[PDB]
Amino acid sequence: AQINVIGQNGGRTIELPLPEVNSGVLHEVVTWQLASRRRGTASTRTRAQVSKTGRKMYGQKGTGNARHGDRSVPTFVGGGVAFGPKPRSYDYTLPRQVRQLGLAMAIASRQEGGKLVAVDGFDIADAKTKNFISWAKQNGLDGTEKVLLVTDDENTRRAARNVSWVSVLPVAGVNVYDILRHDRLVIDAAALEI
Amino acid sequence: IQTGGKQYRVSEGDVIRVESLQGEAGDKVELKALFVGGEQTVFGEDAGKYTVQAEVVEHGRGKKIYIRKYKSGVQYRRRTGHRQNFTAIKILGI
Amino acid sequence: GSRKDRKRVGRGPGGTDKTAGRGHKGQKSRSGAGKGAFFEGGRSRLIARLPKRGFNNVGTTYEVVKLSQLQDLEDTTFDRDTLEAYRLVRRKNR
Amino acid sequence: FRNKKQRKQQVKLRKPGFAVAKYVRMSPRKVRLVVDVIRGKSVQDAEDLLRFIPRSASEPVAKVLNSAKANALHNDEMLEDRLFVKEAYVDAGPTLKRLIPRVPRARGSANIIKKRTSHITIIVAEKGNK
Amino acid sequence: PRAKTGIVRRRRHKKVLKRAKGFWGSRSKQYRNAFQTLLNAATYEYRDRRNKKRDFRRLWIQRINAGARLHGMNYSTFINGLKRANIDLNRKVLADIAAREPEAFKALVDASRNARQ
RNA sequence: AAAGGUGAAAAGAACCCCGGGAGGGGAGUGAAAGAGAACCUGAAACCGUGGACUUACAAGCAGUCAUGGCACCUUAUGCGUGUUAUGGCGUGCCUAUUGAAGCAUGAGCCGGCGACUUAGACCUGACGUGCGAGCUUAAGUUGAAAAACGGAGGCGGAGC
RNA sequence: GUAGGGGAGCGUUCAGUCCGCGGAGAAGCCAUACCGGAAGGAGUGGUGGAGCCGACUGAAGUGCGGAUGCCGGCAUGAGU
Ligand SMILES: [Mg+2]
Ligand SMILES: [Mg+2]
Ligand SMILES: [Mg+2]
Ligand SMILES: [Mg+2]
Ligand SMILES: [Mg+2]
Ligand SMILES: [Mg+2]
């Protein structure tokens, strides 16, 4: 049951997830997300093989006081590493129902406090970034909070550029992290809304 | 002093293991064992005829000690901290 | 707020680190440490010495449709091969 | 006082009677032996015993005993008739290394040490008690 | 990512080292030798801690029987006569009572005599 | 093969003093020369200098306990800290072992390097989540400060 | 209480979020008689000359006395 900026009422649609605001699922989801974005790149010459050394050394008996095969082994200095990082992935498939349930539960997790929907993104008048500050101020946003603006209308979002007030996630590119991480969610376009 | 007082100490604040009931000077009394006071020394069972009194001073926690244990060749080393609690009784009584 | 975001309460346990433990030098004592050869099957232990041949075929296999499903509930929707797709009998291949 | 930053600029931090010979190719252990008799005596006497003492180490210790008295007199406006060795001492130093030898275990046991200085020093001061 | 052993081993070793004071030579200076000394040090600490109570037990007895023998009893006799009087649970630290206070221990000796014959 | 670091800026130290020099001591510059070119911090082994309490009839894994002496009072006048004299007690660590102070292994000392991982639509268990008589997708496609789409297939669903 | 199984935890690096601190001085380094059941963590002091605690979650090249282990430095034998 949430109120739009310009025009009618709605949000009596969309029963919000049960039980209400489970943080466990949230956790599973975001963790899955940062693990998705995680880019494996690993510089290790782990193997005795990967660093360069000619391999026969001195002698197995009778030299006294050492017993080494090669100059490239892990127990040497400069050799390979025992069990070093390699280029893995850790990108998996999260069960879909928990993605849905996730961002739903996120939007819901904004129901215990401030969230906002909007119509008429024409109040910007090109962009100018200032008219966005106006729109925010008269909509109650002084940018003392952190704000995730979700909208279509390239001109309307292009108005908001800063890491201070806001951040922009267009055409319903909604990301559970991206919302839960910001202070206020401004849902604007009612498209993926309702 | 086995646990809990005895004997003769004239006008002295001292220490003892925890006193049960807490108090700031909640009064604690003790039946006797021996007395050298008055320059007349009479032994026990005549000390049931006497009782010293004491005021509880403060509830303390003693100086930290470590508990270290070792057995050789077997590994087995052990480190744990210990402080054994007390209360301080000020002694003036009959 | 992600700061406040908590764990699943028992999803993750920590792993197993065999560095330290002080009296951890893992696995056995002797004899069958260091190897990659363990391998729980193998030749003459009661697998061979076991007297079977039989004959392998494994031909046509039919999809089982219980009467118990069809009667009782739903509509008697006049099944054919059509509805089976949506009736939760959808598997195919057979 | 103020703070440490200010203590650094409010005071230049001098060194009375102090001079030191760095990097003299000699052995600390050795030079110690000379330097011991010098220590705590009349700076003149010190110059004499230093004149007649047969270790070659004694020479750069002598060259220094003066340079410190030198500093003591000129730089610190001190009074040479009250002058004496307050302290002197030998601190080792950067043991000398050449390009070679480099080889494992082949005719490999030899010195090539050519040990470090001992650094010398000798702080000088005025008698006090008289 | 890689986490070197930096700044960890050193704090640890200094912690070990610091217990060592009147520790003679490398015992107070080199790590391994110090830590190692602190193993046997563990043994003697704990065990001789339980022991010190045996030690003071010994001392006090050694005094009490002394005062006793001085007055004509002995520890066997004196403590016998003491216990023989339900009177004295005196027991603990009675030594100092014998050491500092002559006439008191004379009265305890005489009394314990009554409780014998 | 090892390999790096003045300073914000060379302002990189005229000039004086000891010396053949090296090297240092002043001066000056500089926030700093507690940065001076063997130029960021500067640990530990190891070498010295000064002080405190101590030691030249004492059998010793170097400690531990207990009391006394001397000295010091910035978590700190005691619940003390440092050192020490005497008493009591007291068979290094590790591995390997029926059994280790071992006259059995290892190791001069300190620093740093240094060993139970990783991969697969594998298998089987414990816990946890989501849906639940149903549960999932794979390659890929499309977006890509973002994720959605993708039912080819897999597992339940009947045993012999 | 040894191999072995089970439970709670301490510390280090990177990462996201939160609170923040720093030239009237960061980390590191040095001394210390305090706290904590232990891994440990604070307080003040001394160095230092730029950066860095704490909380919550996540990921490890994550914890050394030994391997006649590796590199380096410095001892002994000895002023022999
Ligand atoms: Mg073994
Ligand atoms: Mg065996
Ligand atoms: Mg430097
Ligand atoms: Mg070991
Ligand atoms: Mg010889
Ligand atoms: Mg000879």
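Residues numbered from 1 in each chain as written, not as in the entry; some residues may be left out. Chains lettered and ligands numbered in written order. Part of a larger assembly, values for the part shown. Heavy atoms only, no water.

Per the PDB record, the structure was determined using X-ray crystallography to 3.6500 Å resolution.

## Observations regarding the overall build of chain B
This is how it is decided: By definition, any uninterrupted DSSP run of H or I lasting at least four residues is a helix, any uninterrupted run of E lasting at least two residues is a strand, and each is numbered from the N terminus. To get the radius of gyration, use the C-alpha atoms; to get the globule rule, take the number of residues to the power 0.38 and multiply by 2.2 Å. The classification of residues rests on relative accessible area computed with a 1.4 Å probe and restricted to protein chains. Under 20% of the type maximum is buried, over 50% is exposed, and intermediate values are partly exposed. For this analysis, residues touch if any pair of their heavy atoms sits within 4.5 Å. Here the open area of atoms and residues is found with the Shrake-Rupley method and a 1.4 Å probe, where only the protein chains shown may cover a residue. Counted as positive: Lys and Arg. Counted as negative: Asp and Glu, with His and the chain ends omitted from the count. Note that the charge is assigned to NZ on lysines, CZ on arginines, CG on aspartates and CD on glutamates.
Each helix and strand counted, chain B has zero helices and six strands in total. Compactness check: chain B gives a C-alpha radius of gyration of 19 Å against a globular reference of 12 Å for 94 residues, more than 25% above the reference. Expressed along its principal axes, the backbone C-alpha trace of chain B runs to roughly 60 × 30 × 20 Å. For chain B, the residues scored as buried account for 24% of the 94 residues in total. In chain B, once contacts between residues fewer than 6 apart in sequence are set aside, the share between residues at least 24 apart is 64%. On chain B, roughly 6,700 Å² of surface is accessible, and the fraction owed to carbon and sulfur atoms is 51%. Looking at chain B, you have 17 positive and 11 negative side-chain charges, and the mean spots of the two groups are 20 Å apart.

## Observations regarding the protein's contact with RNA strand G
The line we're drawing: Throughout, the term near means that a residue has one or more heavy atoms lying within 4 Å of the molecule or strand in question. Three classes are used: nonpolar for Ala, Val, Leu, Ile, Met, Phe, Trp, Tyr, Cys and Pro, charged for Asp, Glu, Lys and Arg, and polar for all others, with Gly counted as polar.
Of all residues adjacent to RNA strand G, which total 68 residues, the nearest are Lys4, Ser27, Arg29 and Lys115 of chain D together with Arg12 of chain E. Per the 4 Å cut-off to the protein, sugar and phosphate atoms form 74% of the nearby atoms of RNA strand G. Elements with a contribution of two residues or more to the surface near RNA strand G: α5 (176-181) of chain A, β5 (77-82) of chain B, α1 (4-10) of chain D together with α1 (9-19) and α2 (31-71) of chain E. Here the residues of the surface near RNA strand G sort into 16 nonpolar, 18 polar and 34 charged.

## A closer look at the pairing of β5 of chain B
All names here are of chain B. Our working definition: DSSP bridges decide pairing: two strands pair if at least two such bridges lie between them.
Bridging between strand β4 (residues 65-70) and β5 involves six bridges; their strand directions are antiparallel. Bridged to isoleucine 65 within β5 is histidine 82. Counted between consecutive antiparallel strands, the loop separating β4 from β5 contains six residues, among which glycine 73 sits at a positive phi close to 80°.

## What about helix α5 (residues 102-114) of chain E?
All names here are of chain E. Just so we agree on the cut-off: To estimate the expected span of a helix, count its residues, drop one, and scale the result by 1.5 Å. Note: the arc covers the axis-to-C-beta directions of the helix.
Taking 1.5 Å of rise per residue, 13 residues should cover 18 Å, and α5 covers 19 Å from first to last C-alpha, within 8% of that figure. Of the positions making up α5, those classed as buried are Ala104, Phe105, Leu108, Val109 and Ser112. An end-on view of α5 places all buried positions within 140° of arc, on one side of the element. Exposed side of α5, more than 90 degrees from the buried face: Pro102, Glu103, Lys106 and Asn114 are the residues found there.

## Looking at the sheet that holds strand β3 (residues 51-61) of chain B
Residue and element names in this part refer to chain B. Here is the rule we go by: A fitted line through C-alpha atoms serves as each axis, taken over the contacting stretch for helices, and the angle formed by two N-to-C directions is quoted from 0 to 180°.
With respect to topology, four strands assemble into an open sheet ordered β1-β6-β3-β2, the strand pairing being antiparallel. The strands lining the two open edges of the sheet, one partner per strand, are β1 (12-17) and β2 (27-31). If you compare each strand with its neighbour and ignore which way they point, the axes differ by 40° on average.

## Some points on the pattern of salt bridges
All names here are of chain A. Basically, it comes down to this: The salt bridge criterion pairs a side-chain nitrogen of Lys or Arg with a carboxyl oxygen of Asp or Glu, the two atoms within 4 Å.
Scanning the model with the defined rule gives 14 salt bridges over all chains in all. Across the pair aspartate 178 and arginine 37 runs a salt bridge whose closest N-O atoms are separated by 3.6 Å. Taken together, the positions of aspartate 178 in helix α5 and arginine 37 in helix α1 (residues 23-37) put the pair 141 residues apart, joining distant regions of the chain. On the basis of relative accessibility, which here comes to 14%, the residue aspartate 178 falls in the buried class. Measuring nitrogen to oxygen at the nearest pair gives 3.0 Å for the salt bridge that ties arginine 181 to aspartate 178.

## Examining a nonpolar patch on the surface
Residues and elements named next belong to chain E. Condition: Patches in this entry comprise residues that are over 30% relatively accessible and not in a salt bridge; like charges within 9 Å are linked, as are nonpolar side chains (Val, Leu, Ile, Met, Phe, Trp, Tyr) within 5 Å.
On the surface, a cluster of nonpolar side chains totalling about 260 Å² of accessible area is made up of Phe56, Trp60 and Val93. Mapped onto the elements, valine 93 comes out in the loop between α3 (75-84) and α4 (94-100). In this structure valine 93 comes out as partly exposed when scored by relative accessible area, which is 34%.

## What about the interface of chain B and chain E?
Accessible area lost upon the coming together of the parts is a frequently used measure of interface size. As a reminder, the rule being used: A simple way to read buried area is as the amount of 1.4 Å-probe accessible surface that goes missing from two parts once joined, with both sides added. Contacts described as polar in this section are N or O atom pairs within 3.5 Å, which, within protein, must combine one atom able to donate a hydrogen with one able to accept it, while residues neighboring in sequence count only if both atoms come from side chains.
Counting from both sides, the interface comprises 19 residues of chain B and, opposite them, 24 residues of chain E. Note on chain B versus chain E: buried area summed over both sides is about 1,700 Å², and carbon and sulfur give 56% of it. Per-residue buried area on chain B facing chain E is highest for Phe43, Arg68 and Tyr70 of chain B; these three make up 39% of the total on that side. Inspection of the region where chain B meets chain E yields one salt bridge. In this assembly, chain B and chain E are joined by four residue pairs in polar contact. Going through the elements one at a time, β4 and β5 of chain B are the ones with two or more residues in the side of chain B that touches chain E.

## Details of the nonpolar core
Residues and elements named next belong to chain D. The following threshold applies: Residue types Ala, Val, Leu, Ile, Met, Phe, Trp, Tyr and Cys, when buried and joined through side-chain atoms within 4.5 Å, form a set referred to as a nonpolar core.
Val31, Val61, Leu65, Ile120 and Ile122 are the most contacted members of the largest nonpolar core, which has 25 residues in total. Put simply, the parts of the chain that give this core at least two residues each are α2 (28-38), α3 (43-52), α4 (58-74) and β1 (83-87). The dominant element in this core, judged by the number of residues it contributes, is α4, at five residues. Those residues in contact with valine 61, other than ones at most four positions away along the chain, are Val31, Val35, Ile38, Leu50, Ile120 and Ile122.

## With respect to the arrangement of the chains
Most contacts, among the four pairs of chains that meet, fall between chains B and E. As for chain B relative to chain A, no contact occurs, and the smallest C-alpha gap between them is 25 Å. No part of chain A reaches chain E; the closest C-alpha pair between them is 8 Å apart.

## Let's talk about the protein's contact with RNA strand F
In the vicinity of RNA strand F there are 93 residues, among which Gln33, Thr93 and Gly173 of chain A, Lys18 of chain C together with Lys12 of chain D approach most closely. The contact atoms of RNA strand F, taken as those within 4 Å of the protein, divide so that sugar and phosphate hold 76%. In the environment of RNA strand F, a sugar or linking oxygen lies 2.4 Å from a nitrogen or oxygen atom belonging to the backbone of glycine 173 of chain A. Interatomic distance of 2.5 Å between a backbone N/O atom of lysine 15 of chain D and a phosphate oxygen of RNA strand F. Those elements that provide at least two residues to the surface near RNA strand F are α1 and α2 (96-109) of chain A, α1 and α4 of chain D together with α1 and α2 of chain E. Top contributing element to the surface near RNA strand F by residue count: α2 of chain E, with ten residues.

## Side note on the sheet that holds strand β4 (residues 147-149) of chain A
Two pairing modes exist for strands in a sheet, parallel and antiparallel, and in both the strands are linked by backbone hydrogen bonds. Residue and element names in this part refer to chain A. If you trace the four strands from one edge of the open sheet to the other, you get β3-β6-β4-β5, paired in parallel fashion. Each end of this open sheet is capped by a strand with a single partner; those strands are β3 (115-117) and β5 (166-168). Averaged over all adjacent pairs, the angle separating strand axes in this sheet is 20°, with direction ignored.

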